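**Q**
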Amino acid sequence: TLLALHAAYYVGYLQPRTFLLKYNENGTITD
Amino acid sequence: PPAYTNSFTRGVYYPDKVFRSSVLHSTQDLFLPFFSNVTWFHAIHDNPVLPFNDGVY
Amino acid sequence: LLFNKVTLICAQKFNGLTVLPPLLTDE
Amino acid sequence: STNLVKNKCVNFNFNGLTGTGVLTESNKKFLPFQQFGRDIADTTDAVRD
Ligand SMILES: *[C@@H]1O[C@H](CO)[C@@H](O)[C@H](O)[C@H]1NC(C)=O
Ligand SMILES: *[C@@H]1O[C@H](CO)[C@@H](O)[C@H](O)[C@H]1NC(C)=O
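Residue numbers (our numbering), protein chains in the order written: chain R, 170 to 200; chain Y, 491 to 547; chain X, 13 to 39; chain A, 192 to 240.
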């Protein structure tokens with residue numbers, strides 16, 4: 170990465186979990 | 491002092507580009523855990539270099 | 013009340029799983 | 192690309208999306224990034240041209 174040093178941001182982790190999605194009428198995930 | 495915080499229920503994306511209506515569909519893929527900890531990055535000046543690994547939210 | 017309770021109707025008719033209508037209609 | 196017909200049982204192939212059936216008009220508002228459609232039984236139901 171590159172930074173302009175003479176700033177707050179967050180970073181998570183992804184891995185192969187599983188979800189139970191909930192689609193809506195307009196194809197929108199509500200949960 | 492790593493200021494970990496509760497990731498809440500964020501990080502959910504559309505797994506696929508197909509429209510679905512009123513369906514509770516299951517899927518397993520590279521995902522962000524719920525109610526987990528996300529590592530905040532400070533603002534000083536320490537210039538860490540991070541691997542990508544399987545996936546990064 | 014029964015009909016409004018119980019609720020799929022045609023989602024399982026698109027693959028050849030034809031549903032013969034009852035000889036006796038609902039009415 | 193071939194011509195477009197409706198209300199006629201036709202073999203159709205939309206960018207690899209195969210299937211044979213009759214194509215009608217529907218009002219199911221797709222999202223701009225949403226391309227195809229399914230149902231509870233994972234049956235191709237609504238398709239964007
Ligand atoms: C879908 O979008 C329309 C706007 O065209 C809106 O009126 C409708 O409420 C939306 N559907 C839902 C379930 O919110
Ligand atoms: C997550 O961060 C909190 C600080 O808000 C801490 O109390 C907890 O032990 C951390 N959990 C893990 C698994 O790192």
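For each residue, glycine too, the CB sits at the ideal point set by N, CA and C.
What did DSSP end up calling X/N16 once you bin it into helix, strand or coil?
**A** helix
**Q** Taking 7 Å as the limit between beta carbons, can you name the residues of its chain near Y/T529, skipping five residues before and five after?
**A** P492 and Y494
**Q** For ligand 1, is there any heavy atom lying closer than 7 Å to the beta carbon of A/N218?
**A** no
**Q** Between the stretch 519-539 of chain Y and the stretch 23-36 of chain X, do three or more beta carbon pairs fall short of 8 Å?
**A** no
**Q** At least one CB of chain A closer than 8 Å to the CB of Y/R500: is that the case?
**A** No Cβ of chain A is located within less than 8 Å of the beta carbon of Y/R500.
**Q** Taking Cβ-Cβ distances shorter than 9 Å, what residues in chain R pair up with Y/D544?
**A** Scanning chain R for C-beta atoms nearer than 9 Å to the C-beta of Y/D544 yields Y182, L183, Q184 and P185, reported in chain order.
**Q** Helix, strand or coil: which one does DSSP assign to Y/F531?
**A** strand
**Q** What separation, rounded to the nearest whole angstrom, lies between the Cα atoms of X/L29 and Y/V508?
**A** Taking the CA atoms as reference points, X/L29 sits about 24 Å from Y/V508.
**Q** Just the chain A side, please: which residues come within less than 8 Å of X/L13 by C-beta, in chain order?
**A** Chain-ordered listing is empty here: chain A has no CB closer than 8 Å to the CB of X/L13, the nearest sitting near 25 Å.
**Q** At the level of alpha carbons, what is the spacing between Y/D536 and Y/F498?
**A** 28 Å
**Q** Could you give the C-beta distance for R/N193 and A/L222, rounded to a whole number, given that I count them as a contact under 8 Å?
**A** Not quite, the Cβ-Cβ distance comes to about 10 Å (not below 8 Å), so this is no contact.
**Q** For A/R229, list the residues DSSP reports as bridge partners.
**A** Per DSSP, none; premise fails for A/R229.
**Q** Got a sec? Which residues, its chain only, sit under 7 Å from Y/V502 by beta carbon, not counting five neighbours each side?
**A** Same-chain partners within the cutoff: there are none.
**Q** Are there three or more Cβ pairs, one per stretch, closer than 8 Å when the stretch 179-192 of chain R is compared with the stretch 514-529 of chain Y?
**A** yes
**Q** Please work out which residues of its chain come closer than 7 Å, Cβ to Cβ, to X/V31, disregarding the five sequence neighbours upstream and downstream, and give them in chain order.
**A** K25
**Q** Confirm the yes/no value for this check: CB of X/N16, any heavy atom of ligand 1, distance under 7 Å.
**A** Distance from the C-beta of X/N16 to the nearest heavy atom of ligand 1 is not below 7 Å.
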